[PDB]
Amino acid sequence: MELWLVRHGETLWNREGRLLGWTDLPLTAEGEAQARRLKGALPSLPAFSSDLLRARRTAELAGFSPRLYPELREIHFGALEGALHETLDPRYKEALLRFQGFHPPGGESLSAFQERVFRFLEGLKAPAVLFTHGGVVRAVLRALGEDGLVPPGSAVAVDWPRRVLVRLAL
Amino acid sequence: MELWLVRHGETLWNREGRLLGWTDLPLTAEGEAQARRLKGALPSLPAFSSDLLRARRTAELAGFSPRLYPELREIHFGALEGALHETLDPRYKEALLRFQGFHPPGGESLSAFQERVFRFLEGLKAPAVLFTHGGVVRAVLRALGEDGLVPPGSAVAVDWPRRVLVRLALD
């Protein structure tokens, strides 16, 4: 079943290199421009979106009116929200790289995060466009055996749960 | 899974251009003619149909004895029921055109409509013929990435939830 995973436009923490999870940052001017460009590429399928501002605004600027689901949120980094990726304790860097064994204080475990994301995905009953976050897109791509890193404001279409259909980066 | 969806025959509000949702209108003479032409053109599979008259009657004239399900009904337009499409406020016109963010007072939102329709399709265990409405066919075709408008009394076959197989219209 066709699903479009869209990573929201950039926020200030993207250029700053800070972990961005449940901190509700707005899009930058460029992030808004990225969202607008998506209007000319994304298919008009039922839309869903993380309830965080940056995702909602990306959906809006891309020409969609999404049903909001917190299950589509990026992982909650807890005390690590806003932390510079460069200064993270090696244990955290390692976990984020290998995509396993990550449980920030006051946040969600990478395991609970994935459980939340896939429960949502398996619940879908028709093709859809999903406005979400880098970590969510990464989880889905890795589940299909692919590298999950995609730029802000870009998207990847997948034939869930079989394979990746195409990547779209502007 | 192979599913055949049939848009019921025309009613007076088709030529009139009025939003027809849960208003239970009958088929016109031409509407019955369209339904009769479907007999012998649709596959022999279990049949399901919206419980609204126009749909049930289409199924009947097409040679089927479907189990009735309100879940196959057209979207509930609420206060907009019977409204001339031509005179709808821009917000509603655009919402229906772009098939998104439609919240009619006293009716069903497009999101609620889609959830209802898709939940029903998910429950189907095997191939079947579904006698339904223009909006339902439109939601399905659009979800499959194609233009969703089809003529009254016409049908489409899809491999749900993957692709459209064929569109069938008769004269």
Side-chain angles (χ1 to χ4, degrees), chain A residues 1-10 27 31-74 117-141 143-144 148 150-170, chain B residues 94-102 109-115 117-118 121-122 138-148 160-164:
Chain A
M1 191 169 78
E2 190 166 325
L3 302 180
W4 284 73
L5 282 289
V6 187
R7 185 181 173 187
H8 65 71
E10 67 146 48
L27 295 173
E32 293 189 303
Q34 298 177 323
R36 292 196 182 85
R37 282 194 280 284
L38 288 167
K39 189 176 176 178
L42 300 180
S44 51
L45 315 179
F48 294 87
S49 173
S50 155
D51 61 317
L52 296 170
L53 176 61
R54 59 195 185 274
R56 290 187 289 106
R57 182 63 170 166
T58 294
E60 179 176 54
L61 292 175
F64 295 80
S65 302
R67 289 166 59 178
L68 306 183
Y69 280 78
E71 294 91 324
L72 282 174
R73 288 191 180 192
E74 172 64 82
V117 175
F118 292 107
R119 177 177 68 246
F120 175 77
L121 297 176
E122 305 323 305
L124 291 171
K125 303 173 179 56
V129 173
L130 314 175
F131 288 93
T132 184
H133 309 260
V136 175
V137 176
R138 188 179 177 191
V140 174
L141 285 174
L144 298 175
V150 304
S154 68
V156 295
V158 305
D159 174 9
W160 187 256
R162 308 185 182 190
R163 53 184 282 275
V164 172
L165 289 167
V166 69
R167 299 201 188 201
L168 176 66
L170 309 176
Chain B
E94 185 179 61
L96 292 176
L97 179 61
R98 296 179 63 73
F99 216 63
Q100 66 179 186
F102 180 60
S109 67
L110 196 66
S111 293
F113 173 60
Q114 283 167 151
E115 176 168 40
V117 172
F118 302 146
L121 298 185
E122 175 201 295
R138 186 181 181 197
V140 172
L141 292 183
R142 285 187 66 91
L144 296 179
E146 309 198 344
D147 183 77
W160 186 254
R162 301 181 67 73
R163 61 160 292 177
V164 179

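The sequence lines fix the lettering, A, B, ..., with proteins before strands; numbering per chain opens at 1. Because only heavy atoms are used, hydrogens play no part in the values below, and waters and symmetry mates are left out as well, while side chains stay in.
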If you apply the rule side-chain contact (heavy atoms from CB on, under 4.5 Å), what do you find for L3(A) with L124(A), and how did you get there? CA-CA 9 Å; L3(A) 302 180; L124(A) 291 171; 3.7 Å; yes
Between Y69(A) and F120(A), ring centroids under 6.0 Å: yes
Do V158(A) and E2(A) come close enough that some side-chain heavy atom pair is under 4.5 Å? no
Checking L38(A) against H8(A) for the side-chain contact (heavy atoms from CB on, under 4.5 Å) test, could you report, in this order, the C-alpha distance in whole Å, the side-chain angles of both residues, the deciding distance, and whether it holds? CA-CA 10 Å; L38(A) 288 167; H8(A) 65 71; over 6 Å; no
Hey, could you give me the CG/CG distance between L121(A) and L5(A), rounded to the nearest 0.5 Å? 7.0 Å
Would you mind reporting whether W4(A) and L130(A) have side-chain heavy atoms less than 4.5 Å apart? no
Please lay out, stage by stage, how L45(A) and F99(B) fare under the test side-chain contact (heavy atoms from CB on, under 4.5 Å). CA-CA 9 Å; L45(A) 315 179; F99(B) 216 63; over 6 Å; no
Spell out, as yes or no, whether a donor-acceptor pair under 3.5 Å connects the side chain of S154(A) to the backbone of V150(A). no
Do any N or O atoms from the side chain of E10(A) and from the backbone of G153(A) form a donor-acceptor pair under 3.5 angstrom? no
Closest heavy-atom contact between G101(B) and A95(B)? O-CB, 3.6 Å
Determine the minimum heavy-atom distance between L72(A) and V136(A), stating which atoms define it. O-CG2, 3.7 Å
Under-4.0 Å salt bridge between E115(B) and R67(A): yes
How close do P161(B) and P127(A) get, counting heavy atoms only, and between which atoms? O-CG, 3.8 Å
Quick one: do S44(A) and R98(B) satisfy side-chain hydrogen bond (donor to acceptor under 3.5 Å, both in side chains)? Show the steps, please. CA-CA 8 Å; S44(A) 51; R98(B) 296 179 63 73; over 6 Å; no
Do the side chain of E74(A) and the main chain of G135(A) share a donor and acceptor less than 3.5 angstrom apart? yes
Closest heavy-atom contact between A35(A) and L61(A)? CB-CB, 3.6 Å
How would you list all residue pairs meeting ring pair (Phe, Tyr, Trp, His ring centres under 6.0 Å) that involve residues 151-170 of chain A, not counting sequence neighbours? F118(A)-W160(A)
Counting C-beta onward and ignoring hydrogens, is there a side-chain heavy-atom pair between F64(A) and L42(A) closer than 4.5 Å? yes
Might you point out which heavy atoms bring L141(B) and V164(B) nearest each other, and give the distance in Å? CD2-CG2, 3.8 Å
Of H133(A), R56(A), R73(A), the one forming a side chain to side chain donor-acceptor pair (under 3.5 Å) with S50(A) is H133(A)
Quick one: pull up CD in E60(A) and OG in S65(A) and give me the separation to the nearest 0.5 Å. 8.0 Å
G9(A) versus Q34(A), closest heavy-atom pair with distance: CA-OE1, 3.3 Å
Residue pairs meeting salt bridge (charged side-chain N to carboxylate O under 4.0 Å, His left out), one or both in residues 152-164 of chain A, sequence neighbours left out, come to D159(A)-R162(B)
side-chain contact (heavy atoms from CB on, under 4.5 Å) for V129(A) and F48(A)? Distances and angles first, verdict last. CA-CA 6 Å; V129(A) 173; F48(A) 294 87; over 6 Å; no
Any chance the side chains of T132(A) and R7(A) put a donor and an acceptor closer than 3.5 Å? no
